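Only one structure is covered here, and it is reproduced in the block below.
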Amino acid sequence: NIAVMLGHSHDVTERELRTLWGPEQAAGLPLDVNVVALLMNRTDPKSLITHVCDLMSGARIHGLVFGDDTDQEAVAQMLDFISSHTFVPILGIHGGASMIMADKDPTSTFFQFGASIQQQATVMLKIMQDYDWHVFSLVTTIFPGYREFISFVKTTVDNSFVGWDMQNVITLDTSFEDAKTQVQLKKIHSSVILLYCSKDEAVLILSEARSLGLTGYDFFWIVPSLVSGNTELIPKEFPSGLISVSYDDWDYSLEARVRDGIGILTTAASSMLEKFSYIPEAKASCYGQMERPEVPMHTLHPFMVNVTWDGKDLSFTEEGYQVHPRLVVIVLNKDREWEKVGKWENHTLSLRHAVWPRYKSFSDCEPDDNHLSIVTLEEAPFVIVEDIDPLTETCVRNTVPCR
Amino acid sequence: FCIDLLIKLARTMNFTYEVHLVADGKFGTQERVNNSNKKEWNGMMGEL
Amino acid sequence: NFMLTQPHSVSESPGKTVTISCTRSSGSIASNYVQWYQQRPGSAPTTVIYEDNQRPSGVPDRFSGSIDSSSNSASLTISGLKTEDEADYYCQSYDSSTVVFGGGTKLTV
Amino acid sequence: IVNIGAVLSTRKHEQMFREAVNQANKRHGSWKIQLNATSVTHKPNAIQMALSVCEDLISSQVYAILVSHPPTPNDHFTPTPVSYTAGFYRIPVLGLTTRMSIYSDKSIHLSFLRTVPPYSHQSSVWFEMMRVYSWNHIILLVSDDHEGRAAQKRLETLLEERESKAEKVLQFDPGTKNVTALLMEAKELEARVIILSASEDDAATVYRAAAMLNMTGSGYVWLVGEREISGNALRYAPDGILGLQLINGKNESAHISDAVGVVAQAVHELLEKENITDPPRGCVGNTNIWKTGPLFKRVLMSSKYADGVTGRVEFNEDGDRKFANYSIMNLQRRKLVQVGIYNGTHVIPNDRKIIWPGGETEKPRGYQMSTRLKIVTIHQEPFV
Amino acid sequence: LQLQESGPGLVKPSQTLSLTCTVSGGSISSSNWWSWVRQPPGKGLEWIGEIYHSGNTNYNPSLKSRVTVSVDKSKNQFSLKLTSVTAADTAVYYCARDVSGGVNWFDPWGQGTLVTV
């Protein structure tokens, strides 16, 4: 049963170290599990189809846990189609099988470890609340899903107990230097920005807005993981201090990921055998014609919708969205390298820096002069300290926060 | 008072009232629902 | 537009079951309804089967209708043949453009 | 030299494509630009189709791909394997007779063009027709899939620009044979419209449920989509439905000519540019797209050629089409009769007749107001 | 309800036939439909058109430019004007109107008329 597929293009983990000692550990009696190793060349359509359909003639049973290192964003949809036309549950851990997509076939059994777009908005709002910035702006360009992002942020800000101010929600699509964009960008005067673009558009917008003065010493751009890119190549347009939630790629990788995936698949198989007491192979042939439309014998979607392994919680939802992602927060340092400030645990932010260090905007920005520190003493009616309320963990309306 | 006003209104404008009193009793204010973090109406206001 | 094919004539012993078939060459006669009319020699035609499941008031219960749904034809079955039943039988159908009538058949005792 | 392959249905269509490409080559200057085309048929197995199409067209270094729906009834598997395989690179694929809303999300299909109005234009023309009769009490039924959700979103945002609300919206779920609560709930309201966007078979059960509730007759007009009055859904249906359909629907030779003309125009426009590469061949040894991939798609959006067979074939930002033509048809004792033309914010009714689903002749106004209230009061000392 | 169809009695070649099917016990103005049926001698049957007092009518696509049928609610009569009728148009004309229902079904059938061009 099951299979393990890697790419080995940029990772040296190969041979037998990452191909033995599957879901045995100290489990009671899940099943008799064997592991078959594989190592494919550069991901190509015909090669992928041939390799998967050849693996189908064999163990298959529970599908593979393929992971790659390519940065192409087209592997996920083709793999979902392959899983759709051959009823084998399949997973995705690294590289190509991580760009989560919203729309998918109803009968497709394809799941991804990476977090979706809606959770990124919640994380961004959380970090924004934790630093007392509040009033914001939402300049977003044209890209699929932007309406969904705007609607979700509106829903989140509406039914909230803290109270956020929002003005000038720009949706600019008319060239990038033709009259309307200039005034629409000039309308913004608050200081924190959320933008939703596609790499190149964000670079152009930042470069154009640098001349107008929106990226001085007292502005904090915030951007989702779509523009963070591969976290290795950075153009000469991103200012320092560019908080941007992104999926983890430094804390844990590879061995833990594949171990968790194999455990998840084995626990799902055990749950299936608990009630139905049979695990039937679905794949018939790599080629041919006039095949059976569907096999409703096994439905893993409701069976594995609630599963935990090794204490930690790894559960899925109505879509291929992980319940508890391991998202982290990164910020562009002064040496053009992504740092590791903060770590999204179960539900709390649990960051590192107590106060924002006020990074340097550029190589020519004027030094800060309007920021200063103040020392006080708590006594008399002149100034009295207090404590934050348990619910809505801030101070309510007028009292400035003093650490 | 309000019943008399409603009678006068029904005399002036043609319809047929069927008065039924509210169930909870509260006037109706925004409040967070239990075991969640959203906002919903309740009371007399919620029955509109 | 299409055509309906019916045999020229049939003959059977009285008191037996006679099955007549009306075939639609084009498309498939499975969605739109069909009706079965009977015309006496020299008299106005009289409807016998409508909706292939119900009969007009006062109609005999011997006549029955069925849909093959496989050979694309409608079958009408008559039980207990009598000399008074000697007439012409026509199949009528309607389409999304026009309506058509069958060729018709005459039975002899 | 250049080549433009395609995927057609029958050999007669292949011969028509050859004749069209020969005629196109005969046109224009044809200086240092020759376009010889190649074709391939369909296959039952999707895996075989995808493998064959990549190994055939990709190995020939094509510059465009044309895909058409096969003659098999129903289903929508026509573009998905070709779109996914050719979607690895950025070679554009032109649709011919594939009208589905799933192919509008550019995130899923990042390279797909067509010249056929999707199902959203049905909602747009519904709004356009409603703006001229002035009822503005729309209550609609939406199937719970991706097909109906797009129509719901399209109708929701259009009415917001006019600052209007459309009664209530119901959801009856797909693949069911018993709906009674939705119709019962919709029975008591002040909205005499039954705007519906079903999917083939569900139209039959919803029509049977409506007929058993004696709501068709003397009011309660109906509005439906193109697919709701076709085939088996037509057999069990009441008269008076405005069964709107599309002009030149099951026609492809004219669409083929328009597609080849616009493709030739785009190729000629793109040829006068900087250094241009060629798409890779092999389906095996190449894992990188060519540099000016999306550039061809972008210049193809801005290509207008209103001289092929029909009006302005203009591609909007989505890439479906612009300035389409419809033909409002109304069921009237079977044998649908044309009643009006639509060309974009200029709905022109004909002068044949109108028969609303009650046998009447005047336009039924959609409002009753029920002349009844449900006043609710709270106990108070000096007031109640 | 009863129907009685009376024709002009002229069956000369290259002429126009115009008969009237009076209805006793029924109302011309209603929600139903009225149609004409043609039957050639010793052959099958065909439908030539249907009438409606509220406006539009659909005769046939085969003879769309040679048949015109009109109604008159004042006299409870409906008549047809078949122009350029050939000498081979000898047939029998019957007037059976419709059933409202949900499908078309002729009930009852008129006694018809005899014409021999």
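Residues 26-409, in that order, are what chain D shows, numbered as in Swiss-Prot.
Header says: electron microscopy, 3.9 Å.
Backbone N, Cα and C define each Cβ position, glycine as well.
Every protein chain shown contributes to the tally, and the Cβ of D:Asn61 (N-linked glycosylation site) ends up with 14 other Cβ atoms within 10 Å. The N-linked glycosylation site feature in Swiss-Prot is assigned to D:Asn61 (among others).
Per Swiss-Prot, disulfide bond is recorded for D:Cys79-D:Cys308. A 10 Å cutoff on Cβ-Cβ distances gives D:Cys79 (disulfide bond) a total of 22 other Cβ atoms nearby, all chains included.
Under the heading N-linked glycosylation site, Swiss-Prot lists D:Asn203 (among others). Secondary structure at D:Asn203 (N-linked glycosylation site), taken from DSSP and collapsed to helix, strand or coil, is coil.
If you look up Swiss-Prot, you'll see D:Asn239 (among others) marked as N-linked glycosylation site, on the strength of experimental evidence. Sequence-distant contacts of D:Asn239 (N-linked glycosylation site), defined by Cβ-Cβ distance under 8 angstroms and a gap of at least six in the same chain, do not exist.
Taken from Swiss-Prot, the feature N-linked glycosylation site applies to D:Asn276 (among others). According to DSSP, D:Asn276 (N-linked glycosylation site) is assigned to coil rather than to any helix or strand. The Cβ of D:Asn276 (N-linked glycosylation site) has 11 neighbouring Cβ atoms from other residues within 10 Å, across all protein chains displayed.
Here Swiss-Prot flags D:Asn300 (among others) as N-linked glycosylation site. All protein chains considered, the CB of D:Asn300 (N-linked glycosylation site) has 6 other CB atoms within 10 Å. In three-state terms derived from DSSP, D:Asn300 (N-linked glycosylation site) belongs to neither a helical nor a strand segment and is classed as coil.
Cβ contacts within 10 Å of D:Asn350 (N-linked glycosylation site), excluding its own Cβ and spanning all protein chains shown: 14. Classification of D:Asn350 (N-linked glycosylation site) by DSSP places it in coil, neither helical nor stranded. If you look up Swiss-Prot, you'll see D:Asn350 (among others) marked as N-linked glycosylation site, on the strength of experimental evidence.
Here Swiss-Prot flags D:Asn368 (among others) as N-linked glycosylation site, drawing on experimental evidence. Cβ contacts within 10 Å of D:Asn368 (N-linked glycosylation site), excluding its own Cβ and spanning all protein chains shown: 12.
Comparing C-alpha positions, D:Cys308 (disulfide bond) sits nearest to D:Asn61 among the glycosylation sites D:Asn61, D:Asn276, D:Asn300, D:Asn350, D:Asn368. Closest to D:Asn350 (N-linked glycosylation site) by Cα-Cα distance, out of the glycosylation sites D:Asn61, D:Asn203, D:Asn276, D:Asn300, is D:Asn276. Here the CA atom of D:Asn368 (N-linked glycosylation site) lies 39 Å from the CA atom of D:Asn203 (N-linked glycosylation site). Calculated from their C-alpha atoms, the gap between D:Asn61 (N-linked glycosylation site) and D:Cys79 (disulfide bond) amounts to 18 Å. Ranked by CA distance from D:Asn276 (N-linked glycosylation site), the recorded positions D:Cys79, D:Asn300, D:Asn368 have D:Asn368 at the top as the closest. Straight-line distance linking the Cα atoms of D:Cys79 (disulfide bond) and D:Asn300 (N-linked glycosylation site), rounded to a whole number, equals 26 Å. Each of the recorded positions D:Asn61, D:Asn203, D:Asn239, D:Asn276, D:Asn300, D:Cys308 was checked for a CB under 8 angstroms from a CB of chain A; the ones meeting this are D:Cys308. Fewest Cβ neighbours within 10 Å among the recorded positions D:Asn203, D:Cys308: that distinction goes to D:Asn203. Mapped onto three states, the DSSP output places D:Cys79 (disulfide bond) in helix.
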